[PDB]
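Cβ placement follows ideal geometry from the backbone for every residue including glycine, while neighbour counts extend to all protein chains displayed. What follows is calculated from the coordinates using simple rules that are stated; it is not laboratory data.
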Amino acid sequence: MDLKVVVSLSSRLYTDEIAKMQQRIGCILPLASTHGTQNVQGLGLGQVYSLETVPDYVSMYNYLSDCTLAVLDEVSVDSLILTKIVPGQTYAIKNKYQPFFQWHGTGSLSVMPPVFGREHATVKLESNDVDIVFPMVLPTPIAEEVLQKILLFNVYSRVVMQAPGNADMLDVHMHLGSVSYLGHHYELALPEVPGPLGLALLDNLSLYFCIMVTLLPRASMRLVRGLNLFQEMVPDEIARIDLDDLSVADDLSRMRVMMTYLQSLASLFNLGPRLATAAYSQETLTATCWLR
Amino acid sequence: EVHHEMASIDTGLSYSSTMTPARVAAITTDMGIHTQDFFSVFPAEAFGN
Amino acid sequence: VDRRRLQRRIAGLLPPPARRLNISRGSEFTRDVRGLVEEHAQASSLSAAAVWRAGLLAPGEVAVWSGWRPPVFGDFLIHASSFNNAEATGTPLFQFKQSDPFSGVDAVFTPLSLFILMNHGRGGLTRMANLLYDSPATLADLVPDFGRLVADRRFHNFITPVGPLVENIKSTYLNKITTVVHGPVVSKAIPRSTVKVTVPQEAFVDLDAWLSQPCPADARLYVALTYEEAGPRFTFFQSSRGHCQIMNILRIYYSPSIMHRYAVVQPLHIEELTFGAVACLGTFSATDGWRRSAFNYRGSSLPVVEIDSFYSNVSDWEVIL
Amino acid sequence: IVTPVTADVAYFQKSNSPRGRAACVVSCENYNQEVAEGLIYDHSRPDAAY
């Protein structure tokens with residue numbers, strides 16, 4: 001059985017494009033289709049993480065859990081010979097990513113779409129108008145930590161853009177710029193100015209979290225009224241319940257969209273395509289992972 | 001991997017091999033004055049203030 | 001483009017392993033049934049015709065498709081003090097994630113060795129637990145802060161199962177275990193023998209027997225670190241369900257202990273709300289599984305459940321509440 | 001090279017460097033300058049001779 005996917009290039013690359021791709025000969029990236037010859041317009045995370053549209057993590061996450069993944073094998077002048085991963089056998093990937101998180105053997109490698117700036121994980125090709133975005137491969141505890149912290153960074157930037165007397169920049173930066181795992185302390189590249197009215201990455205996810213935990217105290221009391229005293233014992237102020245003034249149609253709509261946003265956010269908090277490493281050798285930066 | 005196994009068993013009664021230190025090459029330590037501090041060997045102990 | 005070149009190449013590409021053979025009589029043992037039943041082994045003596053006949057130089061899979069993948073190993077360098085070399089060849093290990101950044105020597109834990117972490121931070125299991133590992137402080141220091149990790153209930157995301165051991169080469173100071181982290185647990189030895197996962201009996205419950213319709217083909221082995229009020233316990237669970245069903249079954253199983261933990265201590269702090277975690281270790285055949293036997297050390301012998309023909313597949317930690 | 005009057009004679013009887021410390025500058029790790037100035041100028045640490 002073969003695994004080669006030979007994407008060819010229309011106009012052949014310049015020398016610096018080869019030089020910037022050649023340093024990333026070990027990274028993985030999604031593919032469009034699992035066919036034995038492609039072209040560069042379908043490649044990894046370009047058509048959703050582009051400049052003209054608003055970028056969103058939800059659609060990128062659905063695309064990443066949608067299609068196949070592929071480490072690349074060699075970069076010639078006019079081709080990118082690359083092998084797709086299948087869950088049958090295991091592969092040799094490398095931690096050649098620009099926010100360098102030191103891996104560990106028997107680590108669960110999450111593949112999330114890049115939130116550390118578009119310019120860090122990109123190869124802006126000038127030969128063909130294409131911006132190959134490699135996804136950021138990081139181990140799952142760091143992944144869930146950076147997801148919680150940039151959700152909190154986005155809601156804390158929006159709450160200081162809506163009002164100055166709530167949150168402080170000496171408060172939300174020493175607490176949220178620090179990702180600590182296994183003694184390794186990491187610093188984060190965060191947007192100090194995200195810009196209002198959405199228009200940026202991880203905005204709607206914070207909005208999804210806000211509307212979900214907004215409608216959730218309306219749902220908890222409906223469930224404990226439908227289902228009890230141990231479940232009324234733990235909250236105290238939410239036990240002031242007013243379920244009899246709201247219409248059943250509007251309450252039904254709110255309950256349904258609460259369940260839907262809760263589900264989508266919960267499935268997103270599982271990090272999608274999750275590789276599982278065996279023996280990470282940082283002498284040669286090479287981990288051995290398979291599709292799990 | 002290339003796996004190999006060998007079985008050796010002493011056929012004499014007493015010690016049938018010997019190993020003597022012949023010539024010093026270098027005193028690779030310096031016989032200095034450096035005590036190990038007990039604040040690193042017993043680190044959790046402190047005083048009342 | 002020439003047809004005669006492609007035809008001979010695809011004639012190497014095409015013909016599959018024989019998926020059926022219509023036997024005329026089951027005592028002839030002809031060449032065809034030999035070609036069906038012969039399986040290529042992963043070991044050979046070092047010669048020319050020996051590797052040319054056992055076929056070690058074939059790429060991808062050994063031949064002179066069938067779902068037989070070679071397992072991926074995990075080789076771990078530990079002290080000789082945390083791992084009793086007379087422990088069984090098939091026991092599931094638990095590597096602790098050490099806070100030291102460039103460690104190089106880690107901390108693994110047999111569930112026999114994992115008992116005294118629970119019981120010296122404060123039946124048949126306690127006797128062999130103190131017998132196989134005589135000093136509880138030589139493991140209570142490998143985890144640096146067991147009391148704080150059990151205090152903030154972050155002890156399951158620090159422990160990753162690496163599956164069962166396969167070979168434990170005895171060295172004097174720094175010991176090299178090799179476990180199978182994912183795949184079919186077969187022995188790496190020249191007389192190739194079957195290796196069974198030897199889990200202690202008291203640390204095991206059969207959950208199919210705890211309920212006491214459809215008979216599936218393969219059942220999964222689950223472990224369950226849970227934060228009791230008496231310290232943690234590493235209970236094993238055997239079941240033939242998925243993860244997403246067996247977590248509900250575990251919620252049913254520990255629903256008394258949830259009310260008991262709320263009755264013994266009010267979770268005034270945030271971290272005292274979480275309760276336990278489950279993670280699968282892999283699959284095995286549900287019919288001939290989990291026969292019992294005993295394990296002989298010098299001063300005692302506790303009962304031990306043996307699960308044979310294991311397929312190791314470690315899964316991640318899932319909170320139960 | 002002006003030194004104080006209470007330098008011990010045993011330093012001046014052995015093959016030393018004329019300054020206060022020796023320079024163990026070959027002994028530190030290669031291609032590094034901060035640890036070299038640690039092994040040259042840093043007087044929070046003592047020279048490993050004395």
Notebook entry, point to check: Which members of the stretch C:82-99 meet the condition of being among the polar types (S, T, N, Q) and either buried (at least 20 other Cβ atoms within 10 Å of the Cβ) or in contact with a strand residue (DSSP E or B) (Cβ under 9 Å, 6 or more places away or on another chain) (or both)?
Noted result: C:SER82, C:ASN85, C:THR89, C:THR91, C:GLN95, C:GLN98
Check: So, in the stretch C:43-63, of the ones that are touching a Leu at 6+ places or on another chain (Cβ under 8 Å) and either hydrophobic (A, V, I, L, M, F, W, C) or not in a loop (DSSP other than H, G, I, E, B) (or both), which residue ends up nearest to the other protein chains (Cβ to nearest Cβ)?
Finding: C:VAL51
Item checked: Residue selected from the stretch A:243-280 under the condition in contact with a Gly (Cβ under 8 Å, 6 or more places away or on another chain) and not hydrophobic (A, V, I, L, M, F, W, C), by the criterion farthest from the other protein chains (Cβ to nearest Cβ) -> A:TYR280
Next item on the list: Spot the failing condition for A:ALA249; the list is (1) in a helix (DSSP H, G or I); (2) surrounded by 11 or more Cβ atoms within 10 Å (Cβ to Cβ), and only one is missed.
Entry: (2)
Item checked: Number of the exception - A:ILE132 against (1) touching a helix residue (DSSP H, G or I) at 6+ places or on another chain (Cβ under 9 Å); (2) farther than 17 Å from A:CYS27 by Cα -> (2)
Next item on the list: Return the residue satisfying two criteria in turn: it lies in the stretch C:64-78 and is surrounded by fewer than 17 Cβ atoms within 10 Å (Cβ to Cβ) and not in a loop (DSSP other than H, G, I, E, B), and of such residues it is nearest to the other protein chains (Cβ to nearest Cβ).
Entry: C:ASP75
Check: For the stretch C:153-165, which residues satisfy the criterion of being more than 10 Å from every other protein chain (Cβ to nearest Cβ) and within 10 Å of the chain's Cα centre (by Cα)?
Finding: C:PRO164, C:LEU165
Notebook entry, point to check: If you go through the stretch A:94-113 one residue at a time, do you hit one that is within 14 Å of chain C (Cβ to nearest Cβ), part of a helix (DSSP H, G or I) and farther than 22 Å from A:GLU17 by Cα?
Noted result: no
Check: Can you list the strands (runs of 3 or more DSSP E) found entirely within the stretch C:173-245 that contain at least 3 residues being of a type outside the set (A, V, I, L, M, F, W, C)?
Finding: C:174-184, C:218-227, C:232-239
Next item on the list: Select from the stretch C:288-321 the residues that are part of a loop (DSSP other than H, G, I, E, B) and under 19 Å from C:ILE246 (Cα atoms) and list them in ascending order.
Entry: C:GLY289, C:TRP290, C:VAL314, C:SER315, C:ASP316, C:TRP317, C:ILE320, C:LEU321
Notebook entry, point to check: When you go through (1) of a type in the set (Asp, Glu); (2) in a helix (DSSP H, G or I); (3) within 14 Å of chain C (Cβ to nearest Cβ) one by one for A:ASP236, which number turns out not to apply?
Noted result: (2)
Check: Within the stretch D:26-36, is even one residue outside any loop (DSSP other than H, G, I, E, B) and either aliphatic (A, V, I, L, M) or within 23 Å of B:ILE33 (Cα to Cα) (or both)?
Finding: yes
Notebook entry, point to check: When residues of the stretch A:35-94 are filtered for being buried (at least 20 other Cβ atoms within 10 Å of the Cβ), over 22 Å from the mean Cα position of the chain (by Cα) and not hydrophobic (A, V, I, L, M, F, W, C), how many remain?
Noted result: 1
Notebook entry, point to check: Can you pull out the residues in the stretch C:281-320 that are within 14 Å of chain A (Cβ to nearest Cβ), out of contact with any helix residue (DSSP H, G or I) (no Cβ under 8 Å at 6 or more places or on another chain) and within 12 Å of C:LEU221 (Cα to Cα)?
Noted result: C:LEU281, C:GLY282, C:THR283, C:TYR311, C:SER312, C:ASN313, C:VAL314
Margin query: Filter the stretch A:5-52 down to the residues that are among the basic types (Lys, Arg) and within 19 Å of A:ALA92 (Cα to Cα) and list them by number.
Written below: A:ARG24
Checklist line | Residue list for the stretch C:166-183, filter: surrounded by 19 or more Cβ atoms within 10 Å (Cβ to Cβ) and under 17 Å from the mean Cα position of the chain (by Cα) | finding: C:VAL166, C:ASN168, C:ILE177, C:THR179, C:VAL180, C:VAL181, C:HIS182, C:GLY183
Notebook entry, point to check: So how many residues does the stretch C:130-145 have that are in a helix (DSSP H, G or I) and out of contact with any strand residue (DSSP E or B) (no Cβ under 9 Å at 6 or more places or on another chain)?
Noted result: 5
